[PDB]
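Enquirer: Structure below; questions to follow.
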Number of protein chains: 2
Amino acid sequence: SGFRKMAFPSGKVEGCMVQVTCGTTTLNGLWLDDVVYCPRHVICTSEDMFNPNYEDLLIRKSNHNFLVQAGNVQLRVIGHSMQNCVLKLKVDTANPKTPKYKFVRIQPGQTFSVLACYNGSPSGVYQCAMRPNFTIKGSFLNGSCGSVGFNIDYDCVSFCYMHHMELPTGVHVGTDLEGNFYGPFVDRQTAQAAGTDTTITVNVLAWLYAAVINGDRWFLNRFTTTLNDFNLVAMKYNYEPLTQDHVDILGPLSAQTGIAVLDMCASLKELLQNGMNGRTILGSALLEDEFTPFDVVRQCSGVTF
Amino acid sequence: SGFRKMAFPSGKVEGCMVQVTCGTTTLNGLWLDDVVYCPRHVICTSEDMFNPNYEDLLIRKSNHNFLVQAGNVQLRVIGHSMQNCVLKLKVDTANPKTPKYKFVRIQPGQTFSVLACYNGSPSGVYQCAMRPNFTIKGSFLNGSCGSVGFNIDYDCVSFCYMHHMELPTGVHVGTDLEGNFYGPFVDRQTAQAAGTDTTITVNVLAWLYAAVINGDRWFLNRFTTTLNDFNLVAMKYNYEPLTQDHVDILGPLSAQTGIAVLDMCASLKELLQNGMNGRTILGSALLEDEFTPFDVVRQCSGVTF
Ligand SMILES: *C(=N)[C@H](C[C@@H]1CCNC1=O)NC(=O)[C@@H]1[C@@H]2[C@H](CN1C(=O)[C@@H](NC(=O)C(F)(F)F)C(C)(C)C)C2(C)C
Ligand SMILES: *C(=N)[C@H](C[C@@H]1CCNC1=O)NC(=O)[C@@H]1[C@@H]2[C@H](CN1C(=O)[C@@H](NC(=O)C(F)(F)F)C(C)(C)C)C2(C)C
């Protein structure tokens, strides 16, 4: 028992982090087989970053302009290219610690772990959600770019995020590992704002099931609701609509606890309309929306990697 | 910017986890150089655990009764002994992934990361505090015993916790790596309860400094207070007394932000007496007490390992 925000073990990703320096700009890179992936703005000077022409900046660079360090070892760059907002540096050494991996593009509402790095070295690991407005609520400082987000499935690391920028509101934006941004953002230092965020309803419901599994049951009420009537209420409180697909992914938790999904929706509806009256759920006074249904099942059943 | 509950990168500890099986009981072990450390109740059957005589149970065991698996490799046990509540199994192979390490005993209020494991394999990592009542608010299931807690300082892993039991209230208790329990607990399945917990005042203050650093400043008031007058108020709200030692460890944050420690205490005192009026600090509606001053400085300055 107990329920914690839990990150994936980071070791498989730690063995892939390197430092990439171009000129005086140093950022983090991801070394998989004989390729280093990193954010393209490693080739920018401070003055270049307001309206960079990355293609032009890259034309002026040769392989040897990129200093790649893996621990105390310099990796020799033997090729380079740009794919959207990522640079790919081919090196003459394959990473012996490369895990089984794939590159995925995740959807809003899905969670992942971030290994925050500086100078190619890990600082810490935490769990995040891709928000419905395509931001993440991270913790990143200057030099963190190239830090990656990932999930693990048994032995396979699915990389889904590479960090690029911070928005004025303290939230973070980045790309998939093919260098395509999540959301309507561009890697230049110009005025950019995220759209209004919304609460990830299916994840709140998952967390209420986690609460039931841990014996925190006070919020269960005696009612049911229709999916339509629930969604009318959720809409007013800036909750995402609950779809049948969401209902289906809640199926395992619903079967395990014997609480129908639409019955949990009735209990959530009451929490939204009436509040919590100074009570907590799993120790929180606010409803939590950064656990997916899969996260809850994994944590409550002890799934390992 | 941004502030998250952050765990240490777990890879150094992942490379030390193994599975230990004795009879039909399987738990996790920590393999450092040529020694595996694990909880002694691996030698218990289900019936033994209500009033085990561990010395007697261990007399009947030979080296070969302990099956140690590191991945797909069986490690040959060549010696065994018991030190308080930990077994030490000498193996004929040194762990090639052993990090630089030490065993420490931490104090209440200090934080650490937990790598939760089952069958010798990692499930996830999260950050915890040793509570003032010597419990931790973890997430652990049957089979998690032998999972460890740790801090990292540059290249050195300080192991401070090994998991043994869950109390009826959903909280967790365990030992240091010399097998001595934190708190007045014993490893037998009998009625045991933790004392009343208390809020870790110096950590709340650290987190309010984190909030200021991130621009969440609304709670700063115009007043100061004496240490004595603060502690009278804290006492009523079940906050630990703030000592001069605590004031001193808050020094770096105080110097960085230019807010005197006793001035932050005046602001905390107002929050305790008046509440938060539906406002949040760093997104939380409750005051957070599981960041130490060192955690805040590390996260806000980008310290790496
Ligand atoms: C790379 N390490 C940093 C990481 C940022 C810095 C503070 N926290 C982070 O996560 N990335 C940048 O500095 C990028 C980089 C130039 C400007 N920039 C920004 O993050 C800026 N943001 C924006 O311009 C905005 F709002 F549009 F997103 C900054 C104002 C410095 C936070 C490039 C090329 C975009
Ligand atoms: C080892 N893997 C488990 C971990 C527990 C099980 C559920 N969550 C956990 O963290 N350890 C145990 O099962 C230990 C083990 C026998 C009994 N036990 C307990 O944790 C029990 N608790 C207590 O007896 C209490 F309250 F005294 F702490 C249990 C009731 C099963 C949770 C031994 C030898 C103590």
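Residues 3264-3568, in that order, are what chain A shows, numbered as in Swiss-Prot.
Method of determination (from the header): X-ray crystallography, 1.6 Å.
The backbone N, Cα and C atoms fix where each Cβ goes, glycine too.
Sharing the record's features from Swiss-Prot:
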type     : residues  : note
CROSSLNK : A:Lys3268 : ubiquitin cross-link
ACT_SITE : A:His3304 : active site, for 3CL-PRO activity
CROSSLNK : A:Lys3353 : ubiquitin cross-link
ACT_SITE : A:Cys3408 : active site, nucleophile
Enquirer: List which of the recorded positions A:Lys3268, A:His3304, A:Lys3353, A:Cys3408 have a Cβ under 8 Å from any Cβ of chain B, in sequence order, or say none.
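Expert: Going by the Cβ criterion (under 8 Å to chain B), the qualifying recorded positions are A:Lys3268.
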Enquirer: Can you tell me which of the recorded positions A:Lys3268, A:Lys3353, A:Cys3408 is spatially closest to A:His3304 (active site, for 3CL-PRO activity)? Compare CA atoms only.
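Expert: Considering only the listed recorded positions, the nearest one is A:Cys3408.
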Enquirer: Using the alpha carbons only, what distance in Å do you get between A:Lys3268 (ubiquitin cross-link) and A:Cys3408 (active site, nucleophile) once rounded?
Expert: 24
Enquirer: Taking only the recorded positions A:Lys3268, A:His3304, A:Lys3353, A:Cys3408, which have a CB closer than 6 angstroms to any atom that belongs to ligand 1?
Expert: A:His3304, A:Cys3408
Enquirer: Which residues does A:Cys3408 (active site, nucleophile) neighbour through Cβ under 8 Å, counting only same-chain ones at least six apart?
Expert: A:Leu3290, A:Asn3291, A:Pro3302, A:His3304, A:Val3305, A:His3426, A:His3427, A:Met3428
Enquirer: Around the Cβ of the residue listed as 'active site, for 3CL-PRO activity', how many other Cβ atoms lie within 10 Å? Please give the count over every shown protein chain.
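Expert: For the residue listed as 'active site, for 3CL-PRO activity', the 10 Å Cβ neighbour count is 24.
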Enquirer: Give the number of CB atoms, excluding that of A:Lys3353 (ubiquitin cross-link) itself, located within 10 Å of its CB.
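Expert: 15, counting other Cβ atoms within 10 Å of A:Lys3353 (ubiquitin cross-link).
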Enquirer: What is the Cβ neighbour count of A:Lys3268 (ubiquitin cross-link) at a 10 Å cut-off, with all protein chains included?
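Expert: Looking across every protein chain shown, the total is 20.
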Enquirer: For A:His3304 (active site, for 3CL-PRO activity), which DSSP three-state class applies?
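Expert: Its secondary structure by DSSP: helix.
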Enquirer: Does DSSP give A:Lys3268 (ubiquitin cross-link) helix, strand or coil?
Expert: coil
